[PDB]
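Below is one structure; the comments refer to it alone.
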RNA sequence: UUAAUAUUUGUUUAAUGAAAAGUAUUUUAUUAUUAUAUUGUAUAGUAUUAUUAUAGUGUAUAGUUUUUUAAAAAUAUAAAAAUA
Ligand SMILES: [Mg+2]
Ligand SMILES: [Mg+2]
Ligand SMILES: [Mg+2]
Ligand SMILES: [Mg+2]
Ligand SMILES: [Zn+2]
Ligand SMILES: [Zn+2]
Ligand SMILES: [Zn+2]
């Protein structure tokens, strides 16, 4: 139904928007657009502890 | 390009084989009578929206 | 609507799997690229240990003290080991109702891909393009 | 004529339920009326007490045909189909018995 | 309570070993959960049709397909145990088939009594 | 307001949802055995055991002992129809033949059967499966179903076979 | 009533309309999660006698 | 609602609330079994509805006996 | 059929909902192959 | 014409058949015995030879279909098209494999004859 | 000439050739997993003039492997028993 | 004549054999159940249970 | 507001030229000089003779 | 051993011969003069014969297209009648006792 | 009769375990390992082979393979200049 999809010569961004496959190095935004029960995207692993703590402590002191 | 024409062709082949078995000349054959009349019929359900249905 | 870019460009600072690579809970070598059984958490830092992001095994991304999963998939580094927030804050050990000895996390930085470093990295990199020199 | 019928039919028209069926075909149910009538007309000796009593016709008796085809003809009882109430008389009601052709035997 | 043991309701094993309808021999001393009272018909039909869902995540007696026939189950012969697989409590239940021997005139007896060749495919054999 | 009940003769009408007969007409794969027991079952059982009501009932001791005629005959004159599937041992040397067992037998009972009646003393294990009886339809379309059986794959020590002369 | 009149919020694409065909047993085996469900006494004795 | 006959073999519009019928895919008409059902009779072994009892006594008599 | 198409013999109109329901059904068949279900015809009786 | 939609069919080809390296002497009056077999060759051009890279590619693609998994795919396609209502599709019990040992042997003999 | 063979790859990787081949087919064909089946590929009885059709005969490779199913998906009780 | 072992007994024998192998290698054998007492572990406030899973 | 049509109203379609050109009409054909089969000019056969010299 | 399986199969079927129909069956008037030991001996004989006959019938039912009807089907009926007569005699003696 | 009708039209697959539900003739469905009786494994529902991924775990590059047609009006969507 999309004009960009009906156009005979598809752009690279248009072909990227069709990367709904749950795969390594896929369209992460187009895979996040679908619900959490549909896409297997867990929570973002944020590294906490002394490694960021001492850094921000120096930068704030 | 007609289904009826194909059916009549099959019937013509069968009738020609029968006439040759009877002994008639193939090159002098001629369709003297061709006619069709209704035969057996079958029904098929036609489910329609809003809880309706008919029978094809 | 998601408000984060896709296919993060690493032309300013490429994020590649190093040839030598050990774990944080285990300090044992991991597979480089043949199997994604490891967990990559990149942040674009050469801060020790394991620069440009540390690594964890899927089975061992759990807390090292209570040997349980993570609450919000966020671990706490404690003197070289990864602890959980209830362990780091000093609270009592809470047994989760869901999976016990493994956490919900994707493989090969897939879960940490939507956040981090993107293009452009610095401000002086855009003016390099828009200037003729 | 099944292959001829399916050839004369068109490839676009599809017919479904070719290997299965919507309704369970293992619920026992009665036949059609004409089929039950065919059964009743063919197998009449299935009725209780159909056999004639007392039985008087045994092979070796000389008997005359009193009605039907071959009336007034005498014969000797050859066989006795007692449960069907039937007699096989000698040289009476002789009909041709067509035997189909097998692989190594022609039709006799 | 119930007449049958409680492992038939919830087996002693953590997996649920020993769940189902168990038929017993009339002369046996063990008692099972196969009862045809108007009050027991509901749970018997439930075990036969619906099955039993265990908290471990498995159907113990009837997962699906052909339903079991508790009227033709072999008679119960004991109780489960954690050490071994099964303890045979009632041994008289098991049919120890035993036949006599050739002692006597048993060498002349045949299946049939004597009253006073290349096979071919046929459609019907009368006698 | 009352009805004109003086116009009907005292006969009970049929209920509007008419009940289906207790006989089970389904002969498929999910055929269910009826747990409800009727009076006729007990009547036929008594008449078959001790000729009810023409013969006096035996005492409770004889009725509950092993010498009661049904149990005595089932022990001394056993009736078990163990038949061999030829498609397993016909012109093929196999280590695990297949038998069709009455659904009431067990693995140990089958082992005893084969060991004592035929002499098969080398039995490793038995795998049993309960199959519905083979159903079919005759020429007139009536549904028939054979007796239920149990497929028993019996693993042996030495491979056995049966040779069919060509 | 939401969505359909007879079916309500129960959408045709989501789930089954009637999940009770014949009879359904609400009970769940070993719902108490007891360490030994074999009974009061079964197999090994528990605790010293008397 | 019900602008024709009541039997399933009728030819007009029906409705479920007034004339509920069981699902009958294809069945012979009022005159005889048509070729569209004899195709099933020869391939599947029975008419495609499953409600008809296969009565092949006549062809049995013609061939096997 | 040239004279017929010239003189407009037949329905000048056509079905409009099909060019979208076709791709909807193709996506549904993809989903069915994903869920390991046999593919069925879109219109078994509406034909 | 195509029976399904009565559309007009057209045979499109290239003209200089003899000046080509591949398809030199190929006969298109009738298709091959199988779709994975090499196409027909006239009796006059029996000794012709094909380019080795194209020959290896065709041999790989044809050996793809000589497995039993292809026979399973074939029977499963029979089952699928029979369930989808398509007529004149036999039963997967009545179907027979496109590729067997003796047929492959005689086809190899014919291929060595055509060199 | 050395084309890829599933058995050769499984022998190289030590990955149970049966399990390796099952990795490239629907799970319901090799395991006891909920999956729909076409009614045509299921067996049918014999008719006058034709032999019987068996699903195991017409699809020998599409048979469920109980050994692999139990050793991969079903849980063993020997590791669970604690007496 | 083999004693009927369970998985808990097999894991306890695994601990025993690990301690024995450490003793044979010469390094300090750390037998886990030596720090086990009536109230639980002697020093460690942790929680351990047998049999251990994979 | 349509009503049943009589047999004479049904046969009026036959009087038109759109009905005759679609149903009641024959083909101009000849024998293919190579295949000896009936053939209409303009359409040819799948045959190396009928493709080079298409009669 | 294979000898224990060879008695499940008919020898005439293995040798591709016509299995003849036996003479008769064990009647009650003859079984009344037998002891209980001989009765159970001939009962086990009938049991083995019935097992063989049921195996034959099952084989022919499995291959009804290739193999025709099972030859000499009266053997099953004779075995059943003999077993029923044995049960009759045993029941009479049990009732007397 | 409408009805030479409306409707269908099978040329290109991005995703992974139950239970309720369904019983469709699994001919020995599987062939084996361990141990130890018994019991049961393939297919929903919306009157259908229907707008349809039933979200219970779990994670992921297997492309995990049925949508005709040679112009037009009206209509339906999408796009739609250096005019306002
Ligand atoms: Mg169920
Ligand atoms: Mg069904
Ligand atoms: Mg449904
Ligand atoms: Mg509806
Ligand atoms: Zn690690
Ligand atoms: Zn912790
Ligand atoms: Zn030509």
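A short reminder: the numbers here are calculations on the coordinates, not readings from a lab. Note that we place each Cβ from the backbone using ideal geometry, even for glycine, and neighbour counts take in every protein chain shown.
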Simple spin-label estimate for residue K:8/residue C:1, 7 Å along Cα→Cβ, in nm, reads 5.0
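With a/c under 1.5 counting as rounded, go ahead and sort chain B into rounded, prolate or oblate using the C-alpha gyration tensor (a ≥ b ≥ c being the square roots of the eigenvalues; past the cut-off, prolate if a/b is larger than b/c, else oblate).
Details: a/c = 4.52, a/b = 3.81, b/c = 1.19.
Note, shape of chain B comes out prolate.
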Stokes-Einstein D for chain E at 37 °C, 0.692 mPa s, Kirkwood Rh over Cα pairs, in µm²/s? 174
Order these by the 10 Å Cβ neighbour count, fewest first: N:86, D:99, F:32. D:99, F:32, N:86
So for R0 = 30 Å, FRET eff. of residue B:49-residue I:2 from the Cβ-Cβ r, to 0.05, ends up at 0.20
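At a 10 Å Cβ-Cβ cut-off, how would you order H:21, H:37, H:43, fewest neighbours first? Let's see the in-between values first.
Values: H:21 13, H:37 24, H:43 18.
Going from sparsest to densest Cβ surroundings: H:21, H:43, H:37.
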Which angle between 0 and 90 degrees, to the nearest 10, do you get for helix J:68-83 versus the longest principal axis of chain J when only C-alpha atoms count? 50
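Rounded to the nearest 500, what is the 222 nm mean residue ellipticity of the protein assembly as shown from helices alone, with -39500 (n - 2.57) per DSSP H run of 4+ residues and division by all residues? Mind showing how you got there, number by number?
Working: 36 runs with 323 residues, N = 1217.
Counting only the DSSP helices, I get -7500 deg cm²/dmol.
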Going by a ≥ b ≥ c, the root eigenvalues of the Cα gyration tensor, does chain J fall in the rounded group (a/c under 1.5), the prolate group (a/b larger than b/c) or the oblate group? oblate
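Peptide N:54-65: average number of partner chain Cβ atoms within 10 Å per residue?
Details: counts 5, 8, 3, 1, 9, 6, 1, 3, 6, 5, 5, 7.
Mean inter-chain Cβ contacts per residue within 10 Å come to 5.
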Roughly how far apart, in whole Å, are the Cα centres of region C:87-124 and region E:92-127? 78
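Could you tell me the calculated FRET efficiency between residue E:103 and residue F:30, based on Cβ-Cβ distance and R0 = 56 angstrom, to the nearest 0.05?
On the way: r = 51 Å, r/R0 = 0.91.
Once rounded, the FRET efficiency stands at 0.65.
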Per residue of F:33-42, how many C-beta atoms from partner chains lie within 10 Å of its own C-beta, taken as a mean? 4
In nanometres, what is the gap between the two model label sites at residue F:7 and residue J:109, each 7 Å from Cα along Cα-to-Cβ? 9.6
Suppose we keep just the DSSP beta bridges with both residues in the protein assembly as shown; what percent of those would be antiparallel, to 5? 95
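How would you rank F:144-150, G:11-17, N:39-45, highest first, on the average number of other Cβ atoms within 10 Å across their residues?
On the way: F:144-150: 14.9, G:11-17: 7.9, N:39-45: 20.3.
The most tightly packed comes first, giving N:39-45, F:144-150, G:11-17.
Do you know the relative contact order of chain C, to the nearest whole percent, from alpha carbon pairs under 8 angstrom that are 6+ apart? List each step's numbers first, then the result.
Numbers: 190 pairs, mean separation 36.1, N = 133.
Normalised by residue count, the contact order of chain C is 27 percent.
Relative contact order of chain K: what whole-number percent is it, with Cα pairs under 8 angstrom and at least 6 residues apart?
Details: 50 pairs, mean separation 18.3, N = 83.
Here the relative contact order equals 22 percent.
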Förster radius 56 Å - calculated FRET efficiency between residue D:82 and residue M:4, Cβ distance, rounded to 0.05: 0.30
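Counting only other chains, what is the mean number of Cβ atoms within 10 angstrom of the Cβ of each residue in peptide A:10-19?
Details: counts 0, 0, 0, 1, 0, 0, 2, 1, 0, 2.
Counting other chains' Cβ atoms within 10 Å and averaging over A:10-19 gives 1.
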Sticking with the crude label model, points 7 Å out along Cα→Cβ, report the distance from residue M:14 to residue E:41 in nm, one decimal please. 7.0
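Please tell me the relative contact order of chain N in percent, rounded to the nearest whole number, where contacts are Cα pairs under 8 Å and at least six residues apart. Working shown, then result.
Numbers: 60 pairs, mean separation 40.9, N = 97.
Taking the mean separation of contacting Cα pairs over the length of chain N, I get 42 percent.
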In nm², the average projected area of the convex hull spanned by the Cα atoms of chain H is 5.3
Expected sort for G:19-26, N:67-74, H:12-19 on mean C-beta neighbours within 10 Å, highest first, is N:67-74, H:12-19, G:19-26
Under the classification rounded if a/c is under 1.5, otherwise prolate if a/b is larger than b/c and oblate if not, where does the protein assembly as shown fall, given a ≥ b ≥ c as square roots of the Cα gyration tensor eigenvalues? oblate
Burial-style ranking of J:89-95, F:129-135, average other-beta-carbon count within 10 Å with highest first, yields J:89-95, F:129-135
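I need J:36, L:41 ordered by Cβ neighbour count within 10 Å, fewest first.
On the way: J:36 18, L:41 14.
By the 10 Å Cβ count, ascending, the order reads L:41, J:36.
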